[PDB]
Structures are given as C-alpha cells and as structure tokens.
file input.cif (mmCIF, C-alpha atoms)
data_coords
loop_
_atom_site.label_atom_id
_atom_site.label_comp_id
_atom_site.auth_asym_id
_atom_site.auth_seq_id
_atom_site.Cartn_x
_atom_site.Cartn_y
_atom_site.Cartn_z
CA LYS A 18 16.46 -21.79 73.91
CA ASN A 19 18.11 -25.11 74.77
CA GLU A 20 17.20 -26.16 71.23
CA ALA A 21 19.18 -23.27 69.66
CA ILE A 22 22.31 -24.04 71.68
CA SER A 23 22.12 -27.78 70.88
CA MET A 24 21.97 -27.06 67.12
CA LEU A 25 24.71 -24.39 67.16
CA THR A 26 27.36 -26.87 65.98
CA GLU A 27 25.33 -27.49 62.84
CA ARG A 28 24.74 -23.80 62.09
CA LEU A 29 28.49 -23.21 62.45
CA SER A 30 29.25 -26.10 60.06
CA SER A 31 27.04 -24.47 57.40
CA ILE A 32 28.72 -21.12 57.71
CA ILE A 33 32.19 -22.54 57.10
CA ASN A 34 31.17 -25.14 54.52
CA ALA A 35 33.57 -25.14 51.53
CA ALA A 36 35.82 -22.52 53.09
CA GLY A 37 38.89 -24.73 52.64
CA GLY A 38 41.91 -24.53 54.92
CA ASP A 39 41.84 -25.40 58.64
CA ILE A 40 39.30 -23.63 60.83
CA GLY A 41 39.24 -24.00 64.62
CA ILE A 42 36.24 -22.70 66.53
CA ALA A 43 35.38 -22.71 70.24
CA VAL A 44 32.42 -20.98 71.89
CA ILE A 45 32.11 -21.26 75.69
CA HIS A 46 29.35 -19.75 77.79
CA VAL A 47 31.39 -18.37 80.66
CA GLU A 48 28.94 -18.88 83.56
CA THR A 49 27.67 -22.39 82.62
CA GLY A 50 30.69 -23.77 80.73
CA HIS A 51 28.50 -24.90 77.78
CA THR A 52 30.95 -25.47 74.93
CA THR A 53 30.52 -25.75 71.15
CA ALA A 54 33.69 -26.56 69.22
CA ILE A 55 34.80 -27.49 65.72
CA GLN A 56 38.39 -28.71 65.37
CA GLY A 57 38.73 -27.08 68.76
CA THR A 58 41.89 -28.99 69.80
CA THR A 59 43.92 -28.36 66.63
CA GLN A 60 46.86 -25.99 67.13
CA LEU A 61 46.82 -23.29 64.45
CA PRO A 62 49.02 -20.26 63.80
CA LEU A 63 48.23 -17.36 66.13
CA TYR A 64 49.95 -14.30 64.52
CA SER A 65 49.08 -11.33 66.77
CA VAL A 66 46.66 -13.41 68.86
CA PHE A 67 49.77 -14.53 70.74
CA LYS A 68 49.95 -11.04 72.30
CA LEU A 69 47.10 -12.07 74.63
CA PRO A 70 49.08 -14.99 76.20
CA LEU A 71 52.06 -12.60 76.23
CA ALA A 72 50.17 -9.94 78.18
CA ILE A 73 48.95 -12.55 80.69
CA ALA A 74 52.54 -13.78 81.14
CA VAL A 75 53.76 -10.19 81.75
CA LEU A 76 51.02 -9.47 84.25
CA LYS A 77 51.79 -12.76 86.05
CA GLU A 78 55.45 -11.67 86.39
CA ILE A 79 54.09 -8.59 88.16
CA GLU A 80 51.80 -10.70 90.38
CA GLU A 81 54.79 -12.88 91.40
CA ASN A 82 56.79 -9.68 92.21
CA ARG A 83 59.49 -10.05 89.56
CA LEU A 84 58.29 -6.96 87.73
CA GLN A 85 56.35 -3.73 88.26
CA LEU A 86 53.67 -2.12 86.06
CA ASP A 87 55.27 1.33 86.42
CA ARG A 88 58.80 0.21 85.53
CA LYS A 89 60.31 2.42 82.85
CA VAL A 90 61.59 0.59 79.79
CA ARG A 91 63.79 2.24 77.18
CA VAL A 92 62.81 1.61 73.57
CA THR A 93 65.08 2.65 70.69
CA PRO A 94 64.92 2.56 66.87
CA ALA A 95 67.20 -0.50 66.84
CA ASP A 96 64.34 -2.31 68.66
CA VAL A 97 62.27 -1.86 65.46
CA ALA A 98 62.75 -4.62 62.90
CA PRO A 99 63.07 -3.66 59.19
CA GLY A 100 59.60 -4.61 57.83
CA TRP A 101 57.71 -2.93 60.72
CA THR A 102 56.07 0.18 59.30
CA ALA A 103 52.62 0.05 60.90
CA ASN A 104 53.37 1.80 64.21
CA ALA A 105 56.89 3.23 63.73
CA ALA A 106 56.08 6.89 64.57
CA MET A 107 56.13 6.00 68.29
CA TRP A 108 59.58 4.42 67.94
CA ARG A 109 61.43 7.32 66.14
CA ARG A 110 63.38 8.59 69.11
CA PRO A 111 64.57 6.83 72.26
CA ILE A 112 61.63 6.98 74.68
CA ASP A 113 60.74 5.49 78.04
CA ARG A 114 57.43 3.60 78.24
CA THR A 115 56.17 1.93 81.39
CA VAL A 116 55.41 -1.78 81.28
CA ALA A 117 51.68 -0.90 81.31
CA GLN A 118 52.09 1.36 78.24
CA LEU A 119 53.92 -1.37 76.40
CA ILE A 120 51.10 -3.84 77.11
CA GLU A 121 48.58 -1.19 76.07
CA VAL A 122 50.00 -0.67 72.58
CA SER A 123 50.80 -4.35 72.12
CA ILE A 124 47.12 -5.27 72.62
CA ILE A 125 45.43 -2.27 71.03
CA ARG A 126 47.55 -1.58 67.91
CA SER A 127 49.05 -5.08 67.71
CA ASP A 128 52.44 -3.32 68.00
CA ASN A 129 55.39 -5.60 67.21
CA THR A 130 58.13 -3.54 68.86
CA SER A 131 56.59 -3.31 72.34
CA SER A 132 55.72 -7.02 72.19
CA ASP A 133 59.32 -8.02 71.61
CA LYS A 134 60.41 -5.80 74.53
CA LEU A 135 57.74 -7.51 76.65
CA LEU A 136 58.96 -10.93 75.53
CA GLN A 137 62.43 -10.15 76.85
CA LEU A 138 61.04 -9.14 80.25
CA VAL A 139 59.24 -12.44 80.78
CA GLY A 140 62.15 -14.62 79.62
CA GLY A 141 61.38 -15.25 75.96
CA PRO A 142 59.03 -17.60 74.06
CA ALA A 143 59.80 -20.65 76.22
CA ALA A 144 58.94 -18.74 79.39
CA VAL A 145 55.54 -17.72 78.01
CA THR A 146 54.82 -21.32 77.09
CA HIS A 147 55.82 -22.44 80.58
CA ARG A 148 53.49 -19.84 82.08
CA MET A 149 50.61 -21.08 79.90
CA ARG A 150 51.07 -24.65 81.23
CA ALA A 151 51.34 -23.41 84.82
CA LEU A 152 48.03 -21.61 84.38
CA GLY A 153 46.28 -24.68 82.93
CA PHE A 154 46.65 -24.12 79.10
CA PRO A 155 49.04 -26.78 77.76
CA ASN A 156 47.95 -26.33 74.10
CA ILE A 157 49.49 -22.87 73.48
CA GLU A 158 53.03 -23.06 72.02
CA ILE A 159 55.02 -19.82 71.86
CA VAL A 160 58.29 -20.58 70.07
CA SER A 161 59.33 -17.43 68.18
CA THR A 162 59.74 -13.73 68.83
CA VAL A 163 57.92 -11.44 66.41
CA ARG A 164 61.22 -10.68 64.65
CA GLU A 165 62.16 -14.33 64.20
CA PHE A 166 58.69 -15.14 62.87
CA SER A 167 59.20 -12.37 60.30
CA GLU A 168 62.38 -13.66 58.70
CA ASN A 169 60.84 -17.16 58.67
CA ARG A 170 57.14 -18.08 58.50
CA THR A 171 58.01 -21.75 59.20
CA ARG A 172 58.15 -21.43 63.03
CA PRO A 173 54.79 -19.84 63.96
CA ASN A 174 53.39 -19.49 67.44
CA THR A 175 50.36 -21.80 67.69
CA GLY A 176 47.38 -22.48 69.92
CA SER A 177 44.08 -24.29 69.80
CA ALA A 178 40.73 -22.53 69.76
CA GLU A 179 39.62 -24.34 72.92
CA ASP A 180 42.68 -23.28 74.90
CA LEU A 181 42.32 -19.65 73.86
CA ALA A 182 38.61 -19.65 74.69
CA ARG A 183 39.21 -21.26 78.10
CA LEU A 184 41.91 -18.66 78.81
CA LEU A 185 39.36 -15.95 78.09
CA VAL A 186 36.74 -17.71 80.27
CA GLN A 187 39.16 -17.57 83.21
CA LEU A 188 40.00 -13.94 82.48
CA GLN A 189 36.32 -12.95 82.43
CA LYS A 190 35.44 -14.98 85.57
CA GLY A 191 38.14 -13.18 87.58
CA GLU A 192 40.15 -16.37 88.23
CA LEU A 193 43.12 -15.69 85.97
CA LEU A 194 44.60 -12.39 87.20
CA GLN A 195 44.24 -9.95 90.10
CA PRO A 196 41.04 -7.88 89.71
CA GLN A 197 42.83 -4.63 88.86
CA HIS A 198 45.05 -6.36 86.28
CA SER A 199 42.00 -8.12 84.85
CA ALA A 200 40.22 -4.78 84.40
CA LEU A 201 43.34 -3.24 82.85
CA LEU A 202 43.69 -6.00 80.27
CA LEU A 203 40.00 -6.24 79.40
CA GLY A 204 40.01 -2.43 79.08
CA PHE A 205 42.76 -2.63 76.45
CA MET A 206 40.88 -5.39 74.59
CA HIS A 207 37.68 -3.31 74.54
CA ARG A 208 39.67 -0.55 72.86
CA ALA A 209 41.42 -2.78 70.36
CA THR A 210 41.02 -1.15 66.93
CA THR A 211 41.86 -3.83 64.37
CA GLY A 212 38.83 -6.13 64.36
CA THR A 213 35.86 -4.00 63.43
CA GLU A 214 35.04 -6.62 60.76
CA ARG A 215 35.45 -9.76 62.76
CA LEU A 216 33.81 -10.61 66.06
CA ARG A 217 31.98 -7.23 66.17
CA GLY A 218 30.77 -7.01 62.57
CA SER A 219 27.38 -8.75 62.80
CA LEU A 220 26.36 -8.36 66.49
CA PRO A 221 23.34 -6.24 67.49
CA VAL A 222 24.10 -2.57 68.03
CA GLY A 223 25.02 -2.04 71.69
CA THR A 224 26.92 -5.31 72.27
CA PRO A 225 30.13 -5.04 74.42
CA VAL A 226 33.06 -7.01 72.97
CA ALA A 227 36.67 -7.40 74.20
CA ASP A 228 38.90 -9.00 71.59
CA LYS A 229 42.31 -9.55 70.03
CA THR A 230 42.83 -10.16 66.31
CA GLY A 231 45.60 -11.76 64.28
CA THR A 232 46.21 -11.59 60.52
CA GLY A 233 48.68 -13.07 58.02
CA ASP A 234 49.37 -11.30 54.72
CA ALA A 235 47.24 -12.08 51.62
CA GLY A 236 44.56 -13.99 53.54
CA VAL A 237 46.82 -16.72 54.75
CA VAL A 238 45.52 -16.38 58.36
CA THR A 239 42.48 -14.56 59.79
CA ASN A 240 41.97 -14.91 63.57
CA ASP A 241 39.91 -13.32 66.29
CA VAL A 242 39.40 -14.25 69.95
CA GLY A 243 37.37 -12.40 72.53
CA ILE A 244 34.54 -12.05 75.04
CA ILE A 245 31.00 -11.04 74.02
CA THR A 246 28.76 -9.56 76.74
CA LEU A 247 25.18 -10.84 76.37
CA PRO A 248 22.16 -8.73 77.29
CA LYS A 249 20.32 -8.48 80.56
CA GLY A 250 21.72 -11.15 82.76
CA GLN A 251 22.41 -13.83 80.18
CA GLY A 252 26.18 -13.90 80.78
CA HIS A 253 29.22 -13.83 78.46
CA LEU A 254 30.57 -15.89 75.59
CA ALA A 255 34.24 -16.60 75.16
CA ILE A 256 34.89 -17.21 71.49
CA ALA A 257 37.94 -18.10 69.49
CA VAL A 258 37.98 -18.45 65.68
CA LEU A 259 41.25 -19.36 63.92
CA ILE A 260 41.31 -19.60 60.11
CA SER A 261 44.45 -20.85 58.38
CA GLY A 262 44.94 -21.49 54.67
CA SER A 263 41.40 -20.77 53.52
CA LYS A 264 40.56 -20.34 49.79
CA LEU A 265 38.31 -17.37 50.58
CA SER A 266 39.16 -13.72 50.13
CA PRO A 267 40.35 -11.83 53.25
CA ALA A 268 36.99 -10.00 53.46
CA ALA A 269 35.04 -13.26 53.25
CA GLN A 270 37.21 -14.78 56.03
CA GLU A 271 36.40 -11.81 58.27
CA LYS A 272 32.74 -12.29 57.35
CA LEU A 273 32.96 -15.92 58.47
CA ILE A 274 34.21 -14.80 61.91
CA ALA A 275 31.48 -12.15 62.19
CA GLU A 276 28.73 -14.65 61.28
CA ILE A 277 30.09 -17.32 63.60
CA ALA A 278 29.94 -14.80 66.41
CA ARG A 279 26.37 -13.81 65.56
CA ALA A 280 25.22 -17.44 65.30
CA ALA A 281 26.73 -18.08 68.76
CA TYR A 282 25.12 -14.96 70.19
CA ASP A 283 21.74 -15.90 68.72
CA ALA A 284 21.93 -19.40 70.15
CA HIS A 285 22.74 -18.25 73.69
CA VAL A 286 20.40 -15.24 73.91
CA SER A 287 16.67 -15.51 74.53
#
call {"tool": "encode", "arguments": {"input": "input.cif", "output": "structure tokens"}}
result
Amino acid sequence: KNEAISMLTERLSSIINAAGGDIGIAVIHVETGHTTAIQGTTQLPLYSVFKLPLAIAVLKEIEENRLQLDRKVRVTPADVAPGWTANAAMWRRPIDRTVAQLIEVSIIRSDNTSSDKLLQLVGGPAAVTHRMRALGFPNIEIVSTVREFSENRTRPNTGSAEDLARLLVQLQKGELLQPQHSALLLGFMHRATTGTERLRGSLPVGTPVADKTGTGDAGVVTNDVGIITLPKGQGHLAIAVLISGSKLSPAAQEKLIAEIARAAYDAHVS
C-alpha cells in the first residue's frame, strides 16, 4: 500500500517514543529509492558496524590491484589486544589467514584482531574514510583502530543511518563492488551470527536478511544495519538503526530494532 509507506515515519516514531538517547533510522527501498528516515543525518557511534565500511575498503584495494584476496597474512598473539577474549582461540598460535578469511571472521564473528590487521592493509582509519568519500559516502568517519577505541571510548568511529543505508543500497544493486566480491561480502553478512535479536527477530519466518551488528557494553550502544529481502518480486529494504545512550535495557533496545524492521517490512510488502 502507498498509504502504509507514507505513514511509516509515524509508526516508527511510536516505537521509539520515550526511548531516550539518540536514535538514527533510515529505511530505503532499494529498487525505487523510497526513503523513510528519523535523525537520518546524525553521525552516531558505529562500534562493530564500522567493519562493513572496512570490508568495502579492503575489497576496493583488491579491485584497484593493490591487494589480492588470496594473499597470506601472518597473525600472531601480539596482534591480540588485552581485553579481547571473545574470539581468541583462533589467535593462540602464529597462523596464516588469507585476506578473504580475515574479512570473513571480521564480518561474521565481529572479530577485533582480524579487523585491525585489515585496517593496516588499507592504510589505517584515514584511508577508510577517504575511500568512503570516493565512493559517495561523506558522512562515515573512521578515526580509530579497534585497539585505540578500546583504551579510550572518547574517539569513536561514527556514521549516519542514511549513509550506511545508502551504502547497503549500492551493495545490493551491484553498483558498489565487482559481482563476485559483492556475493562474497553479502554471503558473510547472511551468515553473521550476532544479531538474532535485532533486524531478524520479528520478521516473518522465511525472510532472507544480510546484516552487521554493533554493540557497546551495558547498553550504551545497540546498532544493526542490513538488507531485508522482500517476498515475491517486491524488492529489498536497506535498513540502518543506530541507538546511542538510550535509557532502555539492552534487550529492549534490540526489541526496538526488531520492531522497526518489521514495521518497515509491513509497510513495503503487499
């Protein structure tokens, strides 16, 4: 219905009413461009959502022939920062991982070690930010490595919901990366295992979703960005939801993302 999509802004305002904090939302129908946004231009802390711009920057280095997907990269225990305990069984012993395997674990398990190795291969935070501008996304600011952001939560990587959603629109359309790289990256995002409660939590059974989450400790940030495949031939939705500083419990913030996604789905599906 064209009525449902026109009133989507108002449904989204009710879901987030009284949530406190700063919430950025952008929902873009990929094939038409129809956009619904709330505080969509505000830059908000990304946490592990920044690993999506990072992966695009790495794959663009490969597309400009400064790098190869099958290049072996040595990772060592010194490459693991102190507070990183989530994924440290892969980084016990010196091991070679290809660039593709580093991207894989960076996207799927939100792995901090591989991401910092990737950041060195593209030229650091400033190089990722430069790549974002060159691709048409001037509202994504990568300023810290994962390690730096961990001794100091005052210099976060930031981006706006609209820039992240437009990045995903281009990825899904096939305009952002070579087709085989696009399939590789979307394949990782379909397998991402951290956001069962966010964009996927309230969609109808059988709904394909590619996504990347980000989370700060103790509910200080709850993010999810991704692509929802609509039924039949109704297209795709690119969606970014960034929640910073909300009063709500961590579970209730995840519930807000899930319900936003379902309200957007319902509006765009017949």
call {"tool": "closest_residue", "arguments": {"input": "input.cif", "among": "A:130, A:75, A:62, A:178", "to": "residue 94 in chain A", "atoms": "all atoms listed in the file"}}
result
A:130
call {"tool": "atom_distance", "arguments": {"input": "input.cif", "atom1": "CA of residue 198 in chain A", "atom2": "CA of residue 226 in chain A"}}
result
17.9 Å
call {"tool": "residues_around", "arguments": {"input": "input.cif", "residues": "residue 221 in chain A", "least_positions_apart": "2", "cutoff": "10 Å", "atoms": "all atoms listed in the file", "output": "JSON, numbers by chain"}}
result
{"A": [217, 218, 219, 223, 224, 225, 279, 282, 283]}
call {"tool": "residues_around", "arguments": {"input": "input.cif", "residues": "residue 145 in chain A", "least_positions_apart": "2", "cutoff": "9 Å", "atoms": "only C-alpha atoms", "output": "ChimeraX atom specification"}}
result
/A:70-71,73-75,136,139-143,147-150,158-160
call {"tool": "resolve_selection", "arguments": {"input": "input.cif", "expression": "the PyMOL selection byres ((chain A and resi 80-82) around 12)", "output": "list in words"}}
result
residues 73, 74, 75, 76, 77, 78, 79, 83, 84, 85, 86, 139, 148, 193, 194, 195, 196, 197, 198 and 199 of chain A
call {"tool": "atom_distance", "arguments": {"input": "input.cif", "atom1": "CA of residue 49 in chain A", "atom2": "CA of residue 151 in chain A"}}
result
23.8 Å
call {"tool": "residues_near_point", "arguments": {"input": "input.cif", "point": "(49.4, -14.8, 65.1)", "cutoff": "10 Å", "atoms": "all atoms listed in the file", "output": "MDAnalysis selection string"}}
result
chainID A and resid 61:68 163 166 173:176 230:233 238:241 259
call {"tool": "write_last_selection", "arguments": {"input": "input.cif", "atoms": "C-alpha atoms", "output": "compact mmCIF listing (two decimals), keeping the file's coordinate frame"}}
result
# COMPACT_ATOMS: atom_id res chain seq x y z
CA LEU A 61 46.82 -23.29 64.45
CA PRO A 62 49.02 -20.26 63.80
CA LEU A 63 48.23 -17.36 66.13
CA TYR A 64 49.95 -14.30 64.52
CA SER A 65 49.08 -11.33 66.77
CA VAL A 66 46.66 -13.41 68.86
CA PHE A 67 49.77 -14.53 70.74
CA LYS A 68 49.95 -11.04 72.30
CA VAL A 163 57.92 -11.44 66.41
CA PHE A 166 58.69 -15.14 62.87
CA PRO A 173 54.79 -19.84 63.96
CA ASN A 174 53.39 -19.49 67.44
CA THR A 175 50.36 -21.80 67.69
CA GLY A 176 47.38 -22.48 69.92
CA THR A 230 42.83 -10.16 66.31
CA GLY A 231 45.60 -11.76 64.28
CA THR A 232 46.21 -11.59 60.52
CA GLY A 233 48.68 -13.07 58.02
CA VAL A 238 45.52 -16.38 58.36
CA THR A 239 42.48 -14.56 59.79
CA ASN A 240 41.97 -14.91 63.57
CA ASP A 241 39.91 -13.32 66.29
CA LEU A 259 41.25 -19.36 63.92
call {"tool": "residues_around", "arguments": {"input": "input.cif", "residues": "residue 55 in chain A", "least_positions_apart": "4", "cutoff": "9 Å", "atoms": "all atoms listed in the file", "output": "ChimeraX atom specification"}}
result
/A:26,29-30,40-43,178
call {"tool": "closest_residue", "arguments": {"input": "input.cif", "among": "A:275, A:247, A:222, A:116", "to": "residue 132 in chain A", "atoms": "all atoms listed in the file"}}
result
A:116
call {"tool": "resolve_selection", "arguments": {"input": "input.cif", "expression": "the PyMOL selection byres ((chain A and resi 97) around 10)", "output": "compact mmCIF listing (two decimals) with C-alpha atoms, in the coordinates of the input"}}
result
# COMPACT_ATOMS: atom_id res chain seq x y z
CA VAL A 92 62.81 1.61 73.57
CA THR A 93 65.08 2.65 70.69
CA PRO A 94 64.92 2.56 66.87
CA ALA A 95 67.20 -0.50 66.84
CA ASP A 96 64.34 -2.31 68.66
CA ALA A 98 62.75 -4.62 62.90
CA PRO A 99 63.07 -3.66 59.19
CA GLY A 100 59.60 -4.61 57.83
CA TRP A 101 57.71 -2.93 60.72
CA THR A 102 56.07 0.18 59.30
CA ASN A 104 53.37 1.80 64.21
CA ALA A 105 56.89 3.23 63.73
CA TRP A 108 59.58 4.42 67.94
CA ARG A 109 61.43 7.32 66.14
CA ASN A 129 55.39 -5.60 67.21
CA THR A 130 58.13 -3.54 68.86
CA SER A 131 56.59 -3.31 72.34
CA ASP A 133 59.32 -8.02 71.61
CA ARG A 164 61.22 -10.68 64.65
call {"tool": "resolve_selection", "arguments": {"input": "input.cif", "expression": "the PyMOL selection byres ((chain A and resi 276) around 9)", "output": "list in words"}}
result
residues 29, 32, 215, 216, 218, 219, 220, 271, 272, 273, 274, 275, 277, 278, 279, 280 and 281 of chain A
call {"tool": "write_last_selection", "arguments": {"input": "input.cif", "atoms": "C-alpha atoms", "output": "short mmCIF file (atom, residue, chain, number, x, y, z; two decimals), keeping the file's coordinate frame"}}
result
data_model
loop_
_atom_site.label_atom_id
_atom_site.label_comp_id
_atom_site.auth_asym_id
_atom_site.auth_seq_id
_atom_site.Cartn_x
_atom_site.Cartn_y
_atom_site.Cartn_z
CA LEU A 29 28.49 -23.21 62.45
CA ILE A 32 28.72 -21.12 57.71
CA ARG A 215 35.45 -9.76 62.76
CA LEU A 216 33.81 -10.61 66.06
CA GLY A 218 30.77 -7.01 62.57
CA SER A 219 27.38 -8.75 62.80
CA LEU A 220 26.36 -8.36 66.49
CA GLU A 271 36.40 -11.81 58.27
CA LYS A 272 32.74 -12.29 57.35
CA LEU A 273 32.96 -15.92 58.47
CA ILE A 274 34.21 -14.80 61.91
CA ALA A 275 31.48 -12.15 62.19
CA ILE A 277 30.09 -17.32 63.60
CA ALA A 278 29.94 -14.80 66.41
CA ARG A 279 26.37 -13.81 65.56
CA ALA A 280 25.22 -17.44 65.30
CA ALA A 281 26.73 -18.08 68.76
#
call {"tool": "closest_residue", "arguments": {"input": "input.cif", "among": "A:90, A:244, A:209, A:256", "to": "residue 123 in chain A", "atoms": "only C-alpha atoms"}}
result
A:209
call {"tool": "residues_around", "arguments": {"input": "input.cif", "residues": "residue 203 in chain A", "least_positions_apart": "2", "cutoff": "9 Å", "atoms": "all atoms listed in the file", "output": "number ranges by chain"}}
result
A: 188-189, 198-201, 205-208, 227-228
call {"tool": "atom_distance", "arguments": {"input": "input.cif", "atom1": "CA of residue 246 in chain A", "atom2": "CA of residue 269 in chain A"}}
result
24.6 Å
call {"tool": "closest_residue", "arguments": {"input": "input.cif", "among": "A:19, A:263, A:210, A:162", "to": "residue 122 in chain A", "atoms": "only C-alpha atoms"}}
result
A:210
call {"tool": "closest_residue", "arguments": {"input": "input.cif", "among": "A:180, A:39, A:121, A:168", "to": "residue 52 in chain A", "atoms": "all atoms listed in the file"}}
result
A:180
call {"tool": "closest_residue", "arguments": {"input": "input.cif", "among": "A:242, A:120, A:202, A:144", "to": "residue 177 in chain A", "atoms": "all atoms listed in the file"}}
result
A:242
call {"tool": "residues_around", "arguments": {"input": "input.cif", "residues": "range 34-37 of chain A", "least_positions_apart": "6", "cutoff": "10 Å", "atoms": "only C-alpha atoms", "output": "PyMOL selection string"}}
result
chain A and resi 260-266+269-270+273
call {"tool": "axis_aligned_box", "arguments": {"input": "input.cif", "around": "range 142-159 of chain A", "padding_each_side": "6 Å", "output": "lines of an AutoDock Vina configuration file"}}
result
center_x = 53.0
center_y = -22.2
center_z = 78.3
size_x = 25.5
size_y = 21.2
size_z = 25.0
